[PDB]
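S.K.: Handing you a structure now.
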Amino acid sequence: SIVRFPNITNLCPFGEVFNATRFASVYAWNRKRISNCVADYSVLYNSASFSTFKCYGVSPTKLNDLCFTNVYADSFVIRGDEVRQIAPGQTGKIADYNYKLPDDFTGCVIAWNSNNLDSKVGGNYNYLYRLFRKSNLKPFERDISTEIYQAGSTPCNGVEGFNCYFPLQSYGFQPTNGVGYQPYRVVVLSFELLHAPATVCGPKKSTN
Amino acid sequence: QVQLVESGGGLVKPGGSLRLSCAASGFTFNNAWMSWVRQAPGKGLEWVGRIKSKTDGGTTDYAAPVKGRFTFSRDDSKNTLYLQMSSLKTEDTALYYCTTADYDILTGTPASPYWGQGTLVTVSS
Amino acid sequence: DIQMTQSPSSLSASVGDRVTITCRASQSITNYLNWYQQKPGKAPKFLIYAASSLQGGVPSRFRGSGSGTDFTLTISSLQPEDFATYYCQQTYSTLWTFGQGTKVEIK
Ligand SMILES: *[C@@H]1O[C@H](CO)[C@@H](O)[C@H](O)[C@H]1NC(C)=O
């Protein structure tokens with residue numbers, strides 16, 4: 001009542017990474033550096049099309065009042081049952097070979113179902129993911145590569161099979177399985193604060 | 001790349017001690033097993049024996065046809081395989097091969113790729 | 001112990017036919033087995049594992065298959081120089097076994 005704030009504008013495109021068509025694959029997760037805007041997270045919260053919203057940073061009610069340096073939005077597709085692997089700490093296959101979170105990750109992990117859009121009549125063999133690697137992954141590091149993997153013994157000089165397995169494997173999304181085996185589209189919103197001035201945070205409400 | 005060689009053969013009377021050394025050149029020795037096989041002339045190859053790895057003490061998986069005649073030892077220091085035989089026999093005049101054996105990960109079916117050149121054993125009084 | 005049968009000791013015919021070789025065993029082994037190739041004057045090499053997937057550098061003409069205790073290795077429109085002795089081999093995951101193959105004779 002005592003204070004006034006300027007007219008709202010410049011709502012940066014969260015839809016461009018949410019309502020978009022394709023989310024690439026987990027082994028090549030994109031990275032959108034959203035900055036210089038005023039993102040109204042409320043709509044991303046108050047919606048019935050989002051399944052899991054288990055945040056790990058700040059309470060998802062004041063997030064529209066904390067201004068950070070910039071917010072990184074990652075996006076990819078995963079098996080249904082693995083939606084709980086993105087959480088910090090928990091290990092598995094995609095956790096330590098395709099995507100990992102740091103110990104003190106301070107963002108949020110949106111996920112939702114897309115079985116009606118990412119599976120053709122007989123299923124799509126288009127979404128790849130990693131299943132082998134030399135060792136685990138440090139937080140937030142892509143691993144785009146194709147070099148052949150060796151598990152038992154002997155090298156793999158541009159060969160395949162018998163301890164030269166192809167590092168990437170397809171999912172095989174058949175639109176006739178249970179939820180656990182259906183394609184979930186997942187987005188990770190990681191806030192970042194830095195000595196540089198902040199420029200991204202929710203709108204300041206207005207009144208007469 | 002990957003290489004394998006054998007040596008230590010000879011032409012001796014039955015009874016004399018004999019050593020066969022198979023040397024593996026430049027793939028790995030300490031993280032894989034190793035096997036020995038027989039290939040008699042004008043005949044199909046036959047099992048001889050394999051041993052385990054990682055200096056666990058050895059499994060001494062001696063083959064049935066040559067039970068209680070030969071012994072195996074993986075010298076990890078020099079990364080080689082030593083096969084010792086004492087009582088030679090005429091029926092044992094067969095080619096000898098050393099090979100790499102280790103089961104896969106996905107299917108888990110043992111097989112023996114990357115075979116050696118072979119060592120010829122001959123006995124004639 | 002383990003035993004197996006390798007009746008097809010010699011099977012060759014006009015070049016370009018659908019040659020095949022059988023491998024039968026009395027006991028149960030599942031998919032723990034392999035097939036090798038040996039050309040004259042050279043040590044045998046590694047071609048087929050698990051009776052399903054070939055090995056790198058092997059033309060896809062070779063085709064192994066089967067189940068349980070009976071398996072077969074065939075070839076469609078066999079290529080030149082394929083003539084060689086093909087050996088069958090089995091593993092029980094503890095015990096080992098080989099089998100006499102076929103010495104394809106040029107005719
Ligand atoms: C996607 O489009 C629908 C259409 O009504 C809209 O309601 C929704 O807000 C859009 N997505 C986002 C993230 O805004």
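Along the chain as shown, residues are numbered 1 onward.
Header lists the method as electron microscopy, 4.1 Å.
Backbone N, Cα and C define each Cβ position, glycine as well.
Feature table excerpt (Swiss-Prot):
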DISULFID  A:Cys12-A:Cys37  disulfide bond
DISULFID  A:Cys55-A:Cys108  disulfide bond
DISULFID  A:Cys67-A:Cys201  disulfide bond
DISULFID  A:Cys156-A:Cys164  disulfide bond
DOMAIN    A:10-203  domain 'BetaCoV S1-CTD'
CARBOHYD  A:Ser1  O-linked glycosylation site
REGION    A:131-166  region 'Disordered'
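For each listed feature, how buried is it and what is near it?
M.R.: According to DSSP, A:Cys37 (disulfide bond) sits within a strand segment.
Within 10 Å of the C-beta atom of A:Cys108 (disulfide bond) sit 22 other C-beta atoms, taking all shown protein chains into account.
DSSP assigns A:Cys67 (disulfide bond) to coil, not to a helix or a strand. If you draw a 10 Å sphere around the CB of A:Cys67 (disulfide bond), it holds 14 other CB atoms from the protein chains shown.
In this structure, A:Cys156 (disulfide bond) belongs to neither helix nor strand by DSSP; it is coil.
Secondary structure at A:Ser1 (O-linked glycosylation site), taken from DSSP and collapsed to helix, strand or coil, is coil. If you draw a 10 Å sphere around the CB of A:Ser1 (O-linked glycosylation site), it holds 5 other CB atoms from the protein chains shown.
Listed as Cβ neighbours of the region 'Disordered' (A:131-166) (distance under 8 Å, sequence separation of 6 or more from its ends, same chain) are residues 27-29, 93, 96-102, 105, 190.
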S.K.: What is the interatomic distance between the Cα atoms of A:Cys67 (disulfide bond) and A:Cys37 (disulfide bond), given in whole Å?
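M.R.: Checking the Cα atoms of A:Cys67 (disulfide bond) and A:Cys37 (disulfide bond) gives a distance of 11 Å.
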S.K.: Sub-8 Å Cβ contact with chain C: please pick out which of the disulfide-bonded residues A:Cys37, A:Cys55, A:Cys164 have it.
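M.R.: It is A:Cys164, listed by sequence.
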S.K.: Do any residues at least six apart in sequence from A:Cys37 (disulfide bond), in the same chain, have a Cβ closer than 8 Å to its Cβ, and if so which, in order?
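M.R.: The list for A:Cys37 (disulfide bond) reads A:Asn10, A:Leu11, A:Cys12, A:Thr199, A:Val200, given in order along the sequence.
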S.K.: Cα distance, A:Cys201 (disulfide bond) to A:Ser1 (O-linked glycosylation site), nearest Å?
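M.R.: Roughly 21 Å, rounded to the nearest whole number.
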S.K.: Between A:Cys156 (disulfide bond) and A:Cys108 (disulfide bond), how far is it from one CA atom to the other, in Å?
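M.R.: About 40 Å separate the Cα atoms of these two residues.
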